[PDB]
Every structure is written in structure tokens, then in C-alpha cells.
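Given as C-alpha cells, the chain that follows is alone and in the form deposited in one PDB entry.
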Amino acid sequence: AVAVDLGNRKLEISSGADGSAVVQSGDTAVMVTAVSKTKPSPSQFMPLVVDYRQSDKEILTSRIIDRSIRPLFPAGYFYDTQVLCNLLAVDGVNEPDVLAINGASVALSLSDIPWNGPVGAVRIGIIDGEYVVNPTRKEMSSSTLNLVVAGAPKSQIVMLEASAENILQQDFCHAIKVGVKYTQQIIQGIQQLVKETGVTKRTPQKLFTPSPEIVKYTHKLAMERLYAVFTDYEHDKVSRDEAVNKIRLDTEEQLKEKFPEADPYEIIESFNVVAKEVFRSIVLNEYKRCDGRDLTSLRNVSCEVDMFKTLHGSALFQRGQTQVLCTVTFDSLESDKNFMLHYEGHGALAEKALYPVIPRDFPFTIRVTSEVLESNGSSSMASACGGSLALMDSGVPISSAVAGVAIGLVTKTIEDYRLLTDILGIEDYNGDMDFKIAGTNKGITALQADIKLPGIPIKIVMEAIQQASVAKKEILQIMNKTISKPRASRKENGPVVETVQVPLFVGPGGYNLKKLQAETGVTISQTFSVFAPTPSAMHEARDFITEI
């Protein structure tokens, strides 16, 4: 067993399924196992599945682990891989989710599987201005920041997930730097254990990457036509996708006549490689994007408020070809803060972006519903924008307006890179990261970095945050033109609550009140409290109680 010092407490790492590991901190210990078949998958991609045990917590944790280990597998490694985490003990103090990410790193590092790690992962909190490493369950209850960082060798950032109570950018960036430093300590522990254990990696049968010969011939056949498409700024999202597909159909029938010995899938990826390189070479060499935008330019943002007159609150935020419609519905407090945002994964990120500005003792449950009408790049950040608008339109006294944006990245391998403000879908697809960050015009509230490269330097993460605040200020200015303060009053059709003291009406088993809510549509509970969606329904409610 090996030990790492992450500030106060420690972290022990051992072995045990192509590879197993146990990560313990305090009296919480997790066991993780990694397997990968030797027969290639018939699906033409890498099927990696992370199974976490502790239920929305499990799914979000499983994907946090997934994002921390995915970019480190070799390309074309199309082999069924399973990473299962089994919680062995929980002390209620040390959280196992961070241990699981590390457990997933050690398992693969000790395993057969080709995995260019190891990865270190810690949480960072801020308790009374103190930067806390892996805060305990109690410390997290009084922390202004919940940040999880997955670090690669040489201080490269693999995964960034954060929720913050509107902390300043300077602390947020300092907290990121702290966490990465500790991830480098953990990797020292892993690498020390792999030499004590003795690890030998297999030689996989075939890394399904296209041969340079087919890639070079595909380049000659499609470069100028692909360059033509990615320099024509009149293309929309669909006309540009279909334009490259027309070039895609003409070239491979030519490719099949040239390389009849080639796998049919090898012909598809060969065009994908060439289409990806042409797309990225334009942003790198000419500093322009496929729609004429430059690296820091937003798409045209417009938004309306109070379009649906019957609902409790409505907004529609439109940024380029990403258009969301958000509604607000107040329900009873009887189903921390009672606030929910629902997407129609994405919802959780938007909900975390608005969570800090939501008031505490609001008389009702606040439910935002973001319906995406058109998708073309990070509609979850659009949901936080539209959610802020619909919250103000409804009368919810939010502390400040929130906005989000996604920053992309196009690197040359890192000899050079381009940071893209407000990426299209195609820029996320052909890019290297999906840097979704939101907050107020004073601070950060949520961050989710979906980095595809085998890690990126701290400098790029810092500049991505700075570039995102510039875009955030512009978005908030457009938003504040539509509405900048929460409506002082809710709509007159808005729900109403009232308290009723009963003299010793509930009937046998509550049949009395089941009948009340069934007929009038109100909601009763306890000094009884009754919630009514409309003042009219409240009138039939007081009609019902007088007969009793």
C-alpha cells in the first residue's frame, strides 16, 4: 500500500478483472476493477462503461469518472471496456466519489489495458476562506465551492466540474491551481505503486486508425472542396453538414475504387480525419471560423420575456442557432433550496448555474422547465440564461442574473492553439474541449470542462475562463435590456398559500382531504397549510372546509 498527503488526511492505494485497486481515506474505502476484451468491438468505437455504486448521484459520479479516464486511451482502441466501482465502506465523513475516480485510475494503471495515465483527482472547497483539499461531508456543507479536478502527468487538466456560490474568478482560478498541484502528488503515488507491483501492457490486435495512404489520398480528393465549404459563411448548421456529406459521398466511391482492400469503416473515418484536419487548419492558419466569426465573437443573442400569458413565468433565449424556451411553474413547498430545472445531464448543469442566486425561504417550490427548440452548441448554458430571465419574469427575487457560454479549443500538436467563444456543434465535434461555464457578472457559479485532448495546460484553462467572462458580460448586457430586475410582484393568477387552524375534518384515513385536492385541485398538509394553484381554486378550497 502507498500513501499520499493531501493536506490534512491521507489517501491509501493498493491492488486487488484485468486490474483492481482499493482507495481508502479515513474509514471510507472503494474498490474499482477494470476489464477490457481482446476481441475488437463490432461497433467501430471504444465502448467504455463506468459503473459506480453508492439515484442521480450515481449517474453524475459515473460520468465524472468517465470524463477523467476517457481521453487517455489510445485512438482506435475499439475494445469493450468496463470500469466497476464497489463501495466497501462509508464513514459518513469522507466522500467516496473522489476516491472512485482515483480508484479508476489505479485499476487501469495496474491493469493490462493500454491507458496513458495515471490520473489524480481531488475535490477543492473553500471553508472560511480556506482552500480545503477533499473536504469532508461536514466541510462541504459550509463551503462556497465544490470543484473536482482530474490531473494528468505534467500538470495537464483532464476533467473540471464545479459548482460555486458566486465566488470571484480569482479564487476560482486559484482553487483550480491548488487542485492540480495535489493531482500531481497522487500520480506520484500511482507511479510509485506500478513499479512495486510490476505492470505489463498487452499488444492489442489492431488499433483501428486509418492508414496514412488512404488519409493522404482522401486529402487530395476532398481538401479543396472541404475548404470551400468551411470558407462559405452563408451555410447554416444543416446546409453545411449536408454539404460535407455530398463531398463525403462522391469521394469514397472513388476511394473504394482505389483501395478495394480497405475496410468499409476505414473509408468513413479516413474522410472524417481529412474533414477534421481541414476544419481545424482554417481556424489555426487564418484565425477565422467556419461562419466568418473570429475567436472571441459571440453569436447573435436575442431574448424575449413574458410571451406565454397563462404561465407563472416565461422566457426564450436565442444565441445563434441555439434557441431555448424556459418556463417557471410554482408548486407547493410540499413537492437544500426547493428549486428544480428540467431539460426537455444538461439540466443538472443549468440547475447548478442558477442555484446560488435562488432565494431561500420562497413560499413555493420553483420549477424551471427549459425546452430546447433548436440545438447547435451548448443549450444548457442557454438554459441558464433563459432560466435567469424566466425567474425574474415570474417574480422570484434572485440575487443576480446568470449567464453561461461554452468555450472551444483547436490545437496543433501543443505548438499553438485557438480558443473559440460560443462554439457551434461542429466546433465541439471537431474541437478539443467543451468548456461550459456560467455565473453572474461578478462571479462563477458552475463549470463543466469536457476536455477531449489527453489533458490541456493550466494556461489554456485560465484563458478560457477569462475569455468566458468577456462573453458573459456581453450576454448579460443583452439580457438586462430585456429585463434586469425581478418583477416586484408575481402574476395575479399566481398561486396562494393560507394557514388553517382546526378545532378538534381529516376523516377516516384522510379521505376528507384526498377528496378536497381531487375536486378543487389544491394541496393540503400541516395548523394545516393549503396550497392552491390559482386564487379561484383557493375559493373552492375554503368552500370545502366550511361544509366540514
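The first residue of the shown sequence is 1; numbering continues from there. Only the largest set of C-alpha atoms that superpose within 1.5 Å between the two forms is called the rigid core.
Going from residue 192 to residue 193, the model skips none of the deposited residues; the chain is continuous there. Where coordinates are absent for parts of the deposited sequence, a chain break appears; between neighbours residue 335 and residue 336 it spans 10 or more residues. When the two stretches 352-360 and 154-162 are set side by side, the higher mean Cα temperature factor goes to 352-360. For the pair 69-77 and 459-467, the mean Cα B-factor is higher in 69-77. For the set 306, 91, 428, 257, the PDB entry puts the maximum C-alpha B factor at 257. For the set 480, 28, 61, 523, the PDB entry assigns the largest Cα B-factor to 523. For residue 293, the recorded CA B-factor ranks within the middle third of the chain. Only modelled residues enter the ranking. When the modelled residues of the chain are ordered by C-alpha B-factor, residue 241 sits in the middle third. The deposited CA B-factor of residue 199 belongs to the highest third of values across its chain. For residue 261, the recorded CA temperature factor ranks within the highest third of the chain's modelled residues. Annotation for residue 118: CA B-factor lies in the middle third of the chain's modelled residues.
The next section is about a form of this same protein that is not shown, the form deposited in another entry.
After superposition on the rigid core, displacement of the C-alpha of residue 61 between this form and the one not shown stays below 2 Å. Once the cores line up, the CA of residue 43 ends up less than 2 angstroms apart between this form and the one not shown.
A displacement of 2 angstroms or greater separates the C-alpha positions of residue 521 between this form and the one not shown, with the rigid core held in common.
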